[PDB]
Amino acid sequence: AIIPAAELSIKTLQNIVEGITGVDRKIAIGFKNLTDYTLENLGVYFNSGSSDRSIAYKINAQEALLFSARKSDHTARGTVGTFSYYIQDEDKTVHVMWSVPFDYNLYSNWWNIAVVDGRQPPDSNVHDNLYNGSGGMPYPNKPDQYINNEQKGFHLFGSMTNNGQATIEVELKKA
């Protein structure tokens, strides 16, 4: 679940997500910690679906997390959630939201990354605020776009693909 950040490739994420057979909505997320800080997982909140592997509790300096999630069998929902990492020594939390919906006639893929003050575990309120751009969260990000922004002394970069076997590649650096 943890590799050196410099070894992360889009091909690795493609392999991960394509290896989830049996459902039509799933995601692989590769998240690079390009800081010198240790990141501590505060949880994963699932709005829709689940995951078959535990998220890494610690992402150390210059490592990437590999994470995957998938929709549930027999349901008209997709894979949607938020994971969160506390930046040890900075008293801030980084949230990563993903949404790969069941119904592309109505909805599209979305993602978000936010840096907030304090130690903030993910939950339905945090997730909804990231999805809607409310409660002090930035507005979320469309797929097929390279996102670059700065928040609370950090630079955030990443992108998401557009379909039901989605990938997100995202990176945290000190600004």
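The first residue of the shown sequence is 1; numbering continues from there.
J.: Look over 132-140 and 58-66 in the entry and identify the one with the greater average Cα temperature factor.
T.: Higher mean C-alpha B-factor in the PDB entry: 132-140.
J.: Can you let me know which of the two, 92-100 or 73-81, has the higher average C-alpha B-factor in the entry?
T.: It is 73-81.
J.: Out of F31, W111, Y37, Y45, which one has a C-alpha B factor higher than all the others in the entry?
T.: So the option with the highest C-alpha B-factor is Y37.
J.: For the chain shown, is the CA B-factor of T161 in the lowest, middle or highest third of its modelled residues?
T.: Its C-alpha B-factor belongs to the lowest third of this chain's values.
J.: Consider only the C-alpha atoms of the modelled residues in this chain, order them by B-factor as the entry records it, and name the third containing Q14: lowest, middle or highest.
T.: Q14: CA B-factor falls in the middle third of its chain.
J.: What third of its chain's C-alpha B-factors does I168 belong to: lowest, middle or highest?
T.: It falls in the bottom third of the chain.
J.: Rank-wise, by C-alpha B-factor, drop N41 into the lowest, middle or highest third of its chain.
T.: According to the entry, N41 has a C-alpha B-factor in the chain's lowest third.
J.: Ordered by C-alpha B-factor within the chain, which third holds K26? Give me lowest, middle or highest, please.
T.: According to the entry, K26 has a C-alpha B-factor in the chain's lowest third.
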